[PDB]
Ligand code: HEM
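In PDB author numbering, the protein residues as written are 3 to 10, 12 to 82.
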């Protein structure tokens, strides 16, 4: 089974709501990670409420197995 969310995810851009992102068709609630993001949370927050792809494309440091499995710990469902 799968918890399915619509892209309209876009409302989850703060702690009060939860900070969510997508990667592929997967949805992640990354609220508890953000302050630990390398260089700080503000860069990560550029992607809040939407897909990581347009941002991660410029930052190939995310293209590591450990990063992908780290993100997977925050999965909540799918689009
Ligand atoms: C939920 C989203 C994100 C997660 C889970 C994530 C996770 C990570 C992790 C684990 C690293 C360190 C990798 C390593 O050095 O081995 C990293 C580094 C970095 N991330 Fe992200 N990232 C996210 C979003 C973003 C976004 C949206 C941007 C850009 C707009 C970004 C820019 C960077 C940069 C610049 C670094 C390098 C920092 C440094 O070494 O100074 N990240 N990220």
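From the three backbone atoms N, C-alpha and C, an ideal C-beta is built for every residue, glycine too.
Considering only C-alpha positions, which residue in the set the options is nearest to residue i?
i: residue 18; options: 27, 30, 48 and 25; result: 48
i: residue 52; options: 6, 5, 4 and 10; result: 10
i: residue 24; options: 63, 59 and 4; result: 59
Among residues of its own chain, excluding the 5 on either side of residue i, which ones have a beta-carbon nearer than 8 Å to its beta-carbon?
i: residue 38; result: 44
i: residue 4; result: 80 and 81
Could you pull out every residue in the same chain whose Cβ sits closer than 6 Å to the Cβ of residue i, ignoring the five residues on either side in sequence?
i: residue 79; result: 30 and 32
i: residue 21; result: 15, 32 and 34
For a test of the three-state rule: what should DSSP assign to residue i, helix, strand or coil?
i: residue 24; result: strand
i: residue 10; result: coil
Between which two residues does the beta strand (DSSP E) containing residue i stretch?
i: residue 30; result: 29-32
i: residue 72; result: Looking at the DSSP string, residue 72 is not in any beta strand (DSSP E); the run it does join, the alpha helix (DSSP H), is 68-75.
i: residue 35; result: Premise fails: residue 35 is in no beta strand (DSSP E) and is neither H nor E.
i: residue 11; result: Absent here is residue 11, because the residues of the chain run from 10 on to 12 with nothing modelled in between.
Compute the Euclidean distance between the alpha carbons of residue i and residue j, then round it to the nearest angstrom.
i: residue 15; j: residue 73; result: 20 Å
i: residue 67; j: residue 50; result: 19 Å
i: residue 7; j: residue 54; result: 13 Å
i: residue 81; j: residue 46; result: 24 Å
Starting from residue i, follow the alpha helix (DSSP H) in both directions and report where the run begins and ends.
i: residue 46; result: 44-48
i: residue 56; result: 56-59
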